[PDB]
């Protein structure tokens, strides 16, 4: 702006210049989009700019400081500008983070919690595979979305929204409500995938296993107002905090990894987070740029694979159906693998899975070659009847 130039006299020459140039860059880029003052600065455009440029992406900070300046150095609300600052700093934490460290805690756990026979475990809970899976989903979930526990219990799965876009090749489970997040299937590593986890767990929870464990029935998805992502004693409520708090060290112990409760029960700040915002498109999903989602779920975005087998119901309320079809595709896609690793798993005990066909497809082509998951398997402390 004409009246903008004078406000950089007021700055040290060098950091007035650096800004001048950042600006030229940003608006000379902005000539690249359809579209006269403050509107030019919106989180959307600044974030797009920063992430879309490697040169900038590697060293975002001077840029961010420039932007917070130009912003507050224009007429923009104080609380507002500071929320912008919040988003930017979040973005940098996101870009700079190396998951390569934390990852093996995920791996090391997920596997062991899938393993149907845990001998070294004399601890009371975790008798079934549904207990193991319940915990594992809570863990994989925090790990991927980095969310508060309390908030974890706030989310009603009727709130959840399936994302299926085959135009851009995306699929996942989104929540645009109070906690803001997006989950995506890892087809490269089903075990460390929270959605596959949720699929098995949900089959066990709902269908149940005939003659062993009562399913809850698929009927209650109507009569109930709040369907919790994982159920405690009561159908309609998330398990209590101290309960999980017991379940956790129990597993970390057996896995021999150090345990800090604050990490899993509260937001972890050294860790990346989704922004907050008060149905998708090419570059974003719910409110969120895709690089957030691919980074935090640590998997490339892929279209939902079409399966011809239905383990989940094809008759439901329209709201939940899409969700359950996603679950169906992940489950059915990755099940032959689970069968080749842990054929002793509770899921396989259902007479349904015993049919001549379901046996047919469990024993058919493998979703990926065995030699892929070796390293993963090397991470469990009870070797099964099948050693490879």
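Residue numbers count along the first chain shown, from 1.
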How many missing residues of the deposited sequence lie between residue 278 and residue 279 in the entry, grouped as none, 1 to 3, 4 to 9, or 10 or more?
-> 10 or more
Residue 35 to residue 36: deposited residues not modelled, binned count -> 4 to 9
As stated in the PDB record, which stretch has the larger average Cα B-factor, 102-110 or 248-256?
-> 248-256
Mean C-alpha B factor from the entry: is it higher for 287-295 or for 309-317?
-> 309-317
Out of 345, 354, 44, 340, which one has a C-alpha B factor higher than all the others in the entry?
-> 354
Among 234, 176, 140, 146, which carries the highest Cα B-factor?
-> 234
C-alpha B factor of residue 49, ranked within the chain: lowest, middle or highest third?
-> middle
Quick one: classify residue 304 as lowest, middle or highest third of the chain based on its Cα B-factor.
-> middle
Quick one: classify residue 212 as lowest, middle or highest third of the chain based on its Cα B-factor.
-> highest
Residue 268 CA temperature factor, ranked by third within the chain = lowest
Ranked by Cα temperature factor within the chain, is residue 39 in the lowest third, the middle third or the highest third?
-> highest
